[PDB]
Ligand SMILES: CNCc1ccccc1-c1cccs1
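So this first bit is one chain, no partners, the form deposited without this ligand, shown in structure tokens.
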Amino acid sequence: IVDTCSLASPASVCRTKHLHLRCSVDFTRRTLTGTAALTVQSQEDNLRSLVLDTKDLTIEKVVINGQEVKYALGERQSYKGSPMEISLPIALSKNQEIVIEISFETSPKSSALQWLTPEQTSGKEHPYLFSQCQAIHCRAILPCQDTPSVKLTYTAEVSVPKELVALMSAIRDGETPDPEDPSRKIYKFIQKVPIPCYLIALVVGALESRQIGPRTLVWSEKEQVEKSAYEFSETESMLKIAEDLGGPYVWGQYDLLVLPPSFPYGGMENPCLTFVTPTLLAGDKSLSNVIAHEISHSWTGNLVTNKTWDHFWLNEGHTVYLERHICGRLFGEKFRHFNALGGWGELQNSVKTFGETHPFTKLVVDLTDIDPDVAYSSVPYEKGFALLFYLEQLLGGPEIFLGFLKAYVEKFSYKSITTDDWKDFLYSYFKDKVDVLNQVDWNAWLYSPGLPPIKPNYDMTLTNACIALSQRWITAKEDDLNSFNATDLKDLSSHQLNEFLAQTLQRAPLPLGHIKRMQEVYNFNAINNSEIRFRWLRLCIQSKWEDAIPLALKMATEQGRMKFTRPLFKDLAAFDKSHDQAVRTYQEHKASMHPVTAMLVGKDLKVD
């Protein structure tokens, strides 16, 4: 099959087996410079050239067998970058391996990287750098076959200023002073498990660590270490449940890195070193499902990988499925259903936003000429989860379906697969229930836009109180506002308080007087919890409360998690009173934003 997001030679021509990265981080120039030595295996007879993906890279030279070789960079193809064709000195036979050493330098504008000044950090004394390769940004760090259909091991040596620490998506393999510059340190890394290149990750900063489990360190700037160790204390218990559900954890270490607030995602499942947003630091462990999700990716996504980005639901859907089972084991089956029903609500929201006929609402998408960052949404997570949860109910329950999940991980470990490979194995494992499987509307579930053709069965126990309070507020008239009181929330957990807000937000706007009363009785303005605060500010802005304008703008800019930043900017642009402020704020902050976040907020606000 064809990876339409890559310009490199496909896996049927050649395959990268290993990467040996030797680089230096220069904060003054905002460049990563070094050599990427690719061990490439030919898959064809008489192979004389190959093509690699690049994006805003400066190539100095290409060396094979100790000699410089001819290379050519093609015309840039927008978000795909520029193809780099390399002329091999000797024709290769099938299975023959060669080492190709590429000397490169990144651009300060690399879409994979964010360079932070000391002022943008917690400590204010040192700069900071972090990468984010998923989906197709690894090509903006180094020349590679930037496709999840190719898996490679890697070794790396990273030179950094001596007062800083480097970490990667690999096992730490020591540190020494740089033998070429005593003002620097070299940090060494080893990733012995084969991975797709989007899982390559680097962070350089004034980082400290604290042990929180037998195979877990939490890493962050000094200011966040204590809070992070507490917030993520359930990590080991989640790893033990995940091992029981998916089989052995093969990665050795499971560390966590708490990034600065501009980190654009909730979490990134980088092997050995999960990256997390500091917006999870709620103080009560209530946002720990993000850790359960990243842990689950150690099986679904990192071991069993989607062959192309069109089949991304395979990564997300199975991970959400496993994550909800972890939380189900820790908190109970009623909680798993509450989270599952919440997920259906988030799917309804995504489908309503794009429109029910939009191609991005399809489970399997055609990404030909589509930037994956633009296509990204809750759809592959929630529609993917909904399908598996529906199959679980159709096939005899969670115990039976978890047996299939474990066999699926074992079958496809270290491989890259498509929706057809998954479906085929599903039919094979469930051969005694093929009559049941033939009742599924596969064409609709996998290839049709909008809401799924069937809604699963959900226990309502924990959801009932959220729906009842939301309906009281929506149906309330002016003379009913007096009946609301802080006592309404006494029996609600933080998760139920969030679901109350999500239910009400789906019916927004509410009258301005109702929103004013909600602040008067519930004091939602005082809640620090990022998920609750975000839904509350969206509710205020959509209900046209001018007092919420500075609070929404502050939240949209003081952190950069796209889940929060994008809808807050969009809501502020849609409110007449704040439109000009939203545009101006984006324009002032654009140059100091994460490049992917800056691009997407620009598109949402229609500001070039």
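All residue numbers refer to positions in the sequence shown, first residue = 1.
Only in words, not in the display: the form deposited with this ligand bound, which the text now covers.
Placing this ligand by C-alpha superposition of the site, using its position in the entry with it bound, leaves the pocket open: no ligand atom lies within 2.4 Å of backbone or C-beta atoms here. Across the options 153 to 161, 236 to 244, 428 to 436, 401 to 409, residues that bring heavy atoms within 4.5 Å of this ligand in the entry with it bound belong to 153 to 161. A heavy atom within 4.5 Å of this ligand in the entry with it bound is found for one listed residue only; from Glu208, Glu101, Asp178, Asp421, this is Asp178. Among the residues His18, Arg15, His589, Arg22, the one placing a heavy atom within 4.5 Å of this ligand in the entry with it bound is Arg22. Residue contact with this ligand in the entry with it bound: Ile186 places a heavy atom within 4.5 Å of it. A residue is said to contact a partner when one of its heavy atoms sits within 4.5 Å of a partner heavy atom; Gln43 fails this definition for this ligand in the entry with it bound, lying far away. Proximity of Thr33 to this ligand in the entry with it bound: non-hydrogen atoms within 4.5 Å are present.
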